[PDB]
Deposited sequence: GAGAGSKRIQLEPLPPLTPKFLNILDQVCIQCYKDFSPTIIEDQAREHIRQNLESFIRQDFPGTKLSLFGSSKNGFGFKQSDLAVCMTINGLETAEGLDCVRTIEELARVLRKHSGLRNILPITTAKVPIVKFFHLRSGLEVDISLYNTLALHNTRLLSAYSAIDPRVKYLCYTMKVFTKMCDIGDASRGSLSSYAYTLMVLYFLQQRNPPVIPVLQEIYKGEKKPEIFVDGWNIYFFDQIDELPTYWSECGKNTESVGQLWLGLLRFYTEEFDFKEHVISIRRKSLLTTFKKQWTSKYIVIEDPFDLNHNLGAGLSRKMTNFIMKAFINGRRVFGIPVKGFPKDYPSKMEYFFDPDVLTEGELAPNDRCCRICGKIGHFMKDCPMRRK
């Protein structure tokens, strides 16, 4: 890789400011968050007309501390008194739920997706302009939402970096697993793993600070008493790198240092995890879910998509690491300079060979495409 020049405090200050602006510009207002809670309440009352005892819980980026304006609304549906879906017919329930939702005058384009690993019914909410996705007894997602939320509360730099990673991957168009790339959840795990492995670490491994609490066959314990963390985490407050330093460090870490072919991105343990012991040697980008240890978040990546993703990060390393003549005085927007897709992806679009030629999503043949 191209060697990076030495930097100056003024350029470092610019990097710090850009990362913090990613958070300030794209995090929802408190009013926008309250509206998501109101939608949850409305949907729950409506569904209760046909299915009394229905409970809707928000999860994902709406609740884990890293949500964007206009992010989809991730909803987990359960039934009061029924502990698990062990006795619930999930696919038939998704279809029954879809029919009920077609009677809601404020929703459009109900679409049940019953063939996905996690079946969902998704739809468009007219008044908010938001897409909604309802899943059934998605219990582990509730817990990794709580896990990510706790990490976001340890240090403001966690939020700043996760928002910067989110902007970067969305601008490169590599943050949608329904199109064959990686989920934003997966990229957030990459940020947390980088921060855990930093010397000194910015965050601890909460699942290794303390018990066995099992859900769907997996231990979901983690240390969530963040206000008491200085007592149980010896290295607390040791890392004093600025956000901009950490962002460039992340780009260099995953282009220069991290051995994708040898190691797994795993935030459940501080000790390095090898693909060999995991038997996950078929893929290049290997990311382990913190709870569902059989889930490799990179299992869907093709070779072309992997090359595209790595090329994006290599170009980001260059743009954020090599100052340019005329910057910042000839550029009225630092955001447009650093996150220019024509530079980061060199004008190319993300590969879509696995995607339906009609709608651009994976997972279905053309006769079952909604946009036909």
item: Sequence ranges without modelled C-alpha atoms (deposited numbering); value: 1 to 10, 221 to 225, 388 to 389
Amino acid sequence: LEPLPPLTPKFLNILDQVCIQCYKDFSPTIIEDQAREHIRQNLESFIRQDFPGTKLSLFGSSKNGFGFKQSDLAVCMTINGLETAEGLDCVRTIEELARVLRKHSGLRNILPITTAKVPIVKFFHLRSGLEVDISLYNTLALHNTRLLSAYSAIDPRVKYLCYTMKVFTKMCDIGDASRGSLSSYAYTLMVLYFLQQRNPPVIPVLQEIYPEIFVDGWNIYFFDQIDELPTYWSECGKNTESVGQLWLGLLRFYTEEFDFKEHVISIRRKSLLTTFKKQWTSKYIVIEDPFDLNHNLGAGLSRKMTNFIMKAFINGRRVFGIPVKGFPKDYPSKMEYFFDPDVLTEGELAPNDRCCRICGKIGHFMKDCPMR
From here on, numbers count along this sequence of modelled residues.
{"property": "Segment of higher mean CA temperature factor, 309 to 317 or 43 to 51", "result": "43 to 51"}
{"property": "Residue range whose averaged C-alpha B-factor is higher in the record, 98 to 106 or 126 to 134", "result": "98 to 106"}
{"property": "Given 228, 176, 256, 288, the residue at which the Cα B factor reaches its maximum", "result": "228"}
{"property": "Selection from 159, 170, 252, 278 [criterion: highest C-alpha temperature factor in the record]", "result": "278"}
{"property": "Cα B factor band for residue 152 (lowest, middle or highest third within the chain)", "result": "middle"}
{"property": "Residue 338 - which third its CA temperature factor falls in, relative to the rest of the chain", "result": "lowest"}
{"property": "Third of the chain's Cα B-factor distribution that residue 193 belongs to, per the entry", "result": "lowest"}
{"property": "Chain thirds of CA B-factor: placement of residue 32", "result": "middle"}
{"property": "Ranked against its chain, the third holding the CA B-factor of residue 82", "result": "highest"}
